[PDB]
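Heavy atoms only: backbone and side chains are in, while hydrogens, waters and symmetry mates are out. The sequence lines fix the lettering, A, B, ..., with proteins before strands; numbering per chain opens at 1.
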Amino acid sequence: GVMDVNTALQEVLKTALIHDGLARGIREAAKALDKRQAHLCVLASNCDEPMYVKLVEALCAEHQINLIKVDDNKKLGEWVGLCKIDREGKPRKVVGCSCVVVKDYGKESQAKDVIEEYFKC
RNA sequence: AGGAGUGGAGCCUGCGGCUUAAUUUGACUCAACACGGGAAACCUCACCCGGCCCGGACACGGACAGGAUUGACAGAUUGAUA
């Protein structure tokens, strides 16, 4: 029923992870942005380094790509598969670019659609 | 009974000794010594002098979105576009 951003993001990030995409970390996410292979950016909050977040806003703005501002980067690490080991490990991933469409070539779920619906307004 | 011999010469080969950084070593009566199919330039390769590589699965902990991987130049190689 309800598919708010904070629950469709997990679905879209996972579904991308099965089908490549998901450029994790500031490096290679900046590469996806400059190379213009990106379709969605997920910047995490509570990032101490101001230059980090400011530069990723700059990249997204100039490249005209949507930007999601989630909190608790560790949760982003869970979502993008950085955790592994059941539910242990958990490195922070405070930025991620969803290459080859917001969704992936495997499936086109409506959870992808809610993202663009929320971004249109 | 004899034939061809060889042991003598020079050379080719295997063995010991000597030598050497190293002259890798197995096998000393028949039943070791042109034997290991052993005619070694490299390779072979075991030996000697130098120098790269991990091709140290996997399990458990650290570190980690930057763990870690290549690398052009000049030095340097106390040999090399290592």
Side-chain angles (χ1 to χ4, degrees):
Chain A
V2 57
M3 183 108 78
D4 39 305
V5 196
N6 287 57
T7 184
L9 214 39
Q10 312 208 56
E11 311 269 38
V12 63
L13 264 45
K14 288 205 332 291
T15 292
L17 196 70
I18 317 101
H19 284 280
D20 213 354
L22 214 29
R24 325 172 209 151
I26 199 73
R27 309 288 309 142
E28 90 199 342
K31 268 187 26 181
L33 289 173
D34 256 29
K35 173 173 315 283
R36 242 67 182 276
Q37 285 185 327
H39 299 245
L40 196 95
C41 167
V42 203
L43 163 81
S45 325
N46 64 271
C47 184
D48 158 76
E49 182 205 342
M51 294 300 293
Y52 197 117
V53 304
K54 144 193 168 293
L55 195 299
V56 67
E57 327 312 280
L59 273 190
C60 289
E62 155 158 350
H63 293 138
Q64 223 56 40
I65 309 274
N66 325 59
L67 174 133
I68 295 267
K69 186 103 176 104
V70 300
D71 199 283
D72 203 78
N73 44 9
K74 323 309 279 178
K75 292 281 311 302
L76 207 35
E78 328 322 344
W79 303 354
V80 306
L82 277 200
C83 208
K84 274 189 285 193
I85 310 98
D86 188 23
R87 182 170 294 107
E88 304 92 66
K90 175 229 284 216
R92 58 122 165 183
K93 189 220 74 159
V94 313
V95 62
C97 291
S98 309
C99 261
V100 57
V101 174
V102 192
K103 218 50 164 215
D104 38 312
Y105 46 93
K107 295 93 163 178
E108 297 285 272
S109 152
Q110 76 284 17
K112 161 211 171 52
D113 187 32
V114 346
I115 308 157
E116 36 254 32
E117 294 281 64
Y118 147 80
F119 263 124
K120 277 153 207 135
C121 41

Sugar pucker assignment (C1'-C2'-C3'-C4' positive north, negative south) for [N]:
| N | answer |
| --- | --- |
| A41(B) | north |
| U70(B) | north |
| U44(B) | north |
| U78(B) | north |
| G55(B) | south |

Euclidean distance, atom [atom1] of residue [X] to atom [atom2] of [N] [Å, nearest integer]:
| X | N | atom1 | atom2 | answer |
| --- | --- | --- | --- | --- |
| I26(A) | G66(B) | CD1 | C1' | 11 Å |
| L82(A) | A65(B) | CG | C1' | 7 Å |
| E49(A) | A65(B) | CD | P | 13 Å |
| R24(A) | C64(B) | CZ | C1' | 12 Å |
| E88(A) | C64(B) | CD | P | 17 Å |
| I85(A) | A63(B) | CD1 | P | 13 Å |
| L43(A) | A65(B) | CG | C1' | 14 Å |
| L22(A) | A65(B) | CG | P | 16 Å |

Can you check nucleotides 58-60 of chain B for protein contacts, nitrogen or oxygen pairs under 3.5 Å, and list what you find?
none

Could you work out the separation of [N] and [M] based on their [atom1] atoms and round it to a whole Å?
| N | M | atom1 | result |
| --- | --- | --- | --- |
| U20(B) | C33(B) | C1' | 24 Å |
| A74(B) | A65(B) | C1' | 33 Å |
| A41(B) | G26(B) | P | 23 Å |
| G51(B) | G55(B) | P | 23 Å |
| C64(B) | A80(B) | P | 41 Å |
| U78(B) | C52(B) | P | 7 Å |
| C49(B) | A21(B) | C1' | 7 Å |
| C15(B) | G38(B) | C1' | 14 Å |

What pairs of residues pass the ring-ring contact (aromatic ring centres under 6.0 Å, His included) test when at least one of them lies in residues 28-66 of chain A, not counting sequence neighbours?
none
Side chain to side chain, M3(A) and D113(A), heavy atoms closer than 4.5 Å:
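Counting from C-beta outward, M3(A) and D113(A) never come under 4.5 Å.
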Please name all residues satisfying side-chain hydrogen bond (donor to acceptor under 3.5 Å, both in side chains) with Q37(A), sequence neighbours left out, ordered by chain then number.
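Per chain and number, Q37(A) pairs via side-chain hydrogen bond (donor to acceptor under 3.5 Å, both in side chains) with no residue.
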Looking at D4(A), I'd like to know if its CG atom is crowded, meaning that more than 12 non-hydrogen atoms belonging to other residues, nucleotides or ligands lie closer than 6.0 Å.
yes
Can you tabulate the close N/O pairs, meaning under 3.5 Å, that link protein atoms to atoms of nucleotides 67-72 of chain B?
none

Using the rule side chain to side chain contact (heavy atoms under 4.5 Å, CB included), only one of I115(A), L40(A), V80(A) pairs with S98(A); which is it?
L40(A)
Does the pair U19(B) and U20(B) meet both stacking conditions, six-membered ring centres under 5.5 angstrom and ring planes under 30°?
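Between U20(B) and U19(B) there is base stacking, as the criterion is defined here.
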Cationic N near anionic O, under 4.0 Å, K75(A) to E78(A):
no
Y105(A): hydrophobic cluster co-members (side-chain, 4.5 Å):
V100(A)
Show every donor-acceptor pair shorter than 3.5 Å between a side-chain atom in residues 11-31 of chain A and any protein atom, with sequence neighbours excluded, or say none if there are none.
{"residue": "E11(A)", "atom": "OE1", "partner": "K14(A)", "partner atom": "NZ", "Å": "3.3"}
{"residue": "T15(A)", "atom": "OG1", "partner": "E11(A)", "partner atom": "O", "Å": "3.0"}

Examine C60(B) and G26(B) and say if both key distances are under 3.5 Å for a Watson-Crick or a G-U wobble pair.
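Under the 3.5 Å cut-off on both distances, the two nucleotides are not paired.
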